[PDB]
Amino acid sequence: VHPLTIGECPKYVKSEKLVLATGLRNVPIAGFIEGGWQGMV
Amino acid sequence: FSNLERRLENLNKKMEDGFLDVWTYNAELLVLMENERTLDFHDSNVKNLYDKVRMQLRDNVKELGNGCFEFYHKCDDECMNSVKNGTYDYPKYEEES
Amino acid sequence: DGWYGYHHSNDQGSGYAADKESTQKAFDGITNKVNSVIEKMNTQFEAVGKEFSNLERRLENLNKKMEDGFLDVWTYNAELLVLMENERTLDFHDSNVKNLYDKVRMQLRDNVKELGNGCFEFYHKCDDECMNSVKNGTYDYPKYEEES
Amino acid sequence: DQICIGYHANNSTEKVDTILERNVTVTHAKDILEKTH
Ligand SMILES: *[C@@H]1O[C@H](CO)[C@@H](O)[C@H](O)[C@H]1NC(C)=O
Ligand SMILES: *[C@@H]1O[C@H](CO)[C@@H](O)[C@H](O)[C@H]1NC(C)=O
């Protein structure tokens, strides 16, 4: 948001996005070699 | 800073810009390196089930080549429960031919 | 022809060919990897040098320390980023050639012998059209069978 | 008769970058950068 911040704050960075994957590659009778079990929730 | 402290103001600015570049660079690579590993982690885990299961089923199934196994001996829901857990009883089942 | 691939021998001849799908994906990966290392570095106009009087020794020392400090940080990071990335590049390549080995083993299934040296031997005669199929994801398992 | 081993997929459009890949769609993701005030 801004580098001149007063308080107990997160580190300021010049990046636009920092996104961690937590999940699987989303690749939507056949097993994983195909990929895509949308029916398994 | 006063107008006669330009070198000190510049020292302060450089110190702050320096730390910002360090933290930005580290944030960018930590995210990319961690994401590379997260996706490999997940691929490894699904493959590990495939072999965990293949190794208990041994010779009583066909590998179909598409991430599945076909049983030679009839396998019902109680068998399914066993295979889906670490309890498949190899000795009770056999190949037909 | 490429980084990963096939070698074959059959009634019609022998030779080498790259697995273009596998090589191109690995290639693009390495290219993106190199670019991540280089493109994420921030380049700005800088002059670096400062002048101090003889009555500003603590300020000159503060400036020197700040500059030496950042240099040690960037040098250390450069050294480990290169070593960590090289460890992964080499594991990446080993993984990719093994992945072809199993990608192929799983389509050939029971119609081949595993020879234990990174090759397969066919029970049924397999010609250049078969070779093309195996070298792609199109091997037709049902059309071939074990002799004994 | 048949048992398969596989994995989850959904309708998510969250994307991440990795060292080797760019714009990889994932089933779940977490944004760790605060953008608003
Ligand atoms: C995606 O799937 C979830 C869970 O079934 C559903 O609630 C949501 O409406 C779907 N569509 C979109 C655009 O999120
Ligand atoms: C990733 O997606 C963004 C947003 O659409 C786009 O600007 C960028 O060029 C894409 N990068 C690649 C490598 O596809």
Side-chain angles (χ1 to χ4, degrees), chain A residues 1-21, chain B residues 1-37, chain C residues 27-89, chain D residues 15-24 29-37:
Chain A
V1 175
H2 197 285
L4 303 179
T5 300
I6 300 173
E8 293 180 324
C9 302
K11 297 292 184 187
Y12 177 77
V13 298
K14 293 177 176 175
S15 67
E16 296 179 354
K17 63 182 180 179
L18 296 172
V19 180
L20 296 173
Chain B
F1 300 99
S2 76
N3 61 312
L4 298 175
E5 294 178 333
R6 290 180 177 88
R7 292 172 296 153
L8 184 60
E9 182 175 2
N10 191 253
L11 180 60
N12 182 68
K13 182 178 187 291
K14 179 64 175 181
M15 181 276 287
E16 290 292 355
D17 287 347
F19 283 115
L20 178 57
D21 284 344
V22 171
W23 286 110
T24 299
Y25 188 81
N26 288 344
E28 287 286 346
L29 293 175
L30 182 60
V31 171
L32 293 174
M33 290 188 291
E34 290 299 354
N35 287 343
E36 181 181 359
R37 288 194 294 271
Chain C
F27 183 82
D28 290 347
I30 296 301
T31 298
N32 286 337
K33 181 169 191 182
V34 172
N35 288 341
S36 181
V37 171
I38 297 170
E39 293 180 354
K40 295 289 181 175
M41 187 64 74
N42 184 22
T43 299
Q44 299 290 323
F45 186 94
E46 179 58 89
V48 178
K50 299 285 189 296
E51 293 279 326
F52 300 99
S53 76
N54 61 312
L55 298 175
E56 294 178 333
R57 290 180 177 88
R58 292 172 296 153
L59 184 60
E60 182 175 2
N61 191 253
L62 180 60
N63 182 68
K64 182 178 187 291
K65 179 64 175 181
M66 181 276 287
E67 290 292 355
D68 287 347
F70 283 115
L71 178 57
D72 284 344
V73 171
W74 286 110
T75 299
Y76 188 81
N77 288 344
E79 287 286 346
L80 293 175
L81 182 60
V82 171
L83 293 174
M84 290 188 291
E85 290 299 354
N86 287 343
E87 181 181 359
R88 288 194 294 271
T89 295
Chain D
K15 297 186 184 183
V16 300
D17 292 325
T18 73
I19 294 293
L20 297 171
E21 298 183 278
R22 298 290 183 272
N23 281 325
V24 177
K30 183 175 179 65
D31 189 338
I32 62 169
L33 181 66
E34 182 61 68
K35 297 185 285 290
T36 62
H37 60 87

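The figures here come from the full heavy-atom set of this structure, side chains too, leaving out hydrogens, waters and symmetry mates. Numbers restart at 1 for each chain; the letters A, B, ... are given by sequence-line order, proteins then strands.
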Over all heavy atoms of both residues, which pair between C/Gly29 and D/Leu20 is shortest? Give the atoms and the distance, please.
O-CD2, 3.4 Å
Sequence neighbours left out, what passes side chain to side chain contact (heavy atoms under 4.5 Å, CB included) with C/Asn86? Give chain and number order.
C/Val82
Should we say atom CZ of B/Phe1 is surrounded by more than 12 heavy atoms from elsewhere, each under 6.0 Å from it?
yes
Begin with the C-alpha distance, continue with both residues' side-chain angles, and end with the deciding distance and a verdict on side chain to side chain contact (heavy atoms under 4.5 Å, CB included) for B/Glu28 and C/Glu39.
CA-CA 11 Å; B/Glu28 287 286 346; C/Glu39 293 180 354; over 6 Å; no
Would you say the side-chain atoms of C/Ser36 pair up with the backbone N or O of C/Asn32, donor to acceptor, closer than 3.5 Å?
no
Shortest non-hydrogen contact from D/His37 toward A/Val1:
CD2-CG1, 3.6 Å
Report yes or no: does D/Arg22 contribute a side-chain atom to a donor-acceptor pair with the main-chain N or O of D/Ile19 at less than 3.5 Å?
yes
Can you find a heavy atom in the side chain of A/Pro3 that is under 4.5 Å from one in the side chain of B/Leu20?
no
Minimum-distance pair of heavy atoms, taken over all atoms of A/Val19 and D/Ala29
CG1-CB, 3.7 Å
Please enumerate all residues that pass side chain to side chain contact (heavy atoms under 4.5 Å, CB included) together with C/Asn42, with sequence neighbours excluded.
A/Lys14, B/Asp21, C/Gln44
Would you compute the distance between atom CG of D/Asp31 and atom CG of A/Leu20 and round it to the nearest 0.5 angstrom?
9.0 Å
Show the atom names and distances, to 0.1 Å, of all donor-acceptor pairs under 3.5 Å that link a side chain in residues 8-18 of chain B to residues at least two apart or in another chain.
from, atom 1, to, atom 2, distance (Å)
B/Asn10, OD1, C/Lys50, NZ, 3.0
B/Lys13, NZ, B/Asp17, OD2, 2.9
B/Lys14, NZ, C/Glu46, OE1, 2.9

If you compare all heavy atoms of D/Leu33 against all heavy atoms of A/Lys17, which two are closest, and at what distance to 0.1 Å?
CD2-N, 3.6 Å
Residue list, salt bridge (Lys or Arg N to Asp or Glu O under 4.0 Å) with B/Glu5, at least two apart or on another chain
none
Return the CG to NZ distance between C/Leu81 and C/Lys40, rounded to the nearest 0.5 Å.
12.5 Å
Closest contact, heavy atoms only, B/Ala27 versus A/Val13
CB-CG1, 4.5 Å
The criterion is side chain to side chain contact (heavy atoms under 4.5 Å, CB included); which residues satisfy it with C/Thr43, sequence neighbours excluded?
none
For B/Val22, the side chain to side chain contact (heavy atoms under 4.5 Å, CB included) test, sequence neighbours excluded, returns B/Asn26, C/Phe70, C/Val73, C/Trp74
Residue pair B/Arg37 / C/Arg88, side-chain heavy-atom distance below 4.5 Å
yes
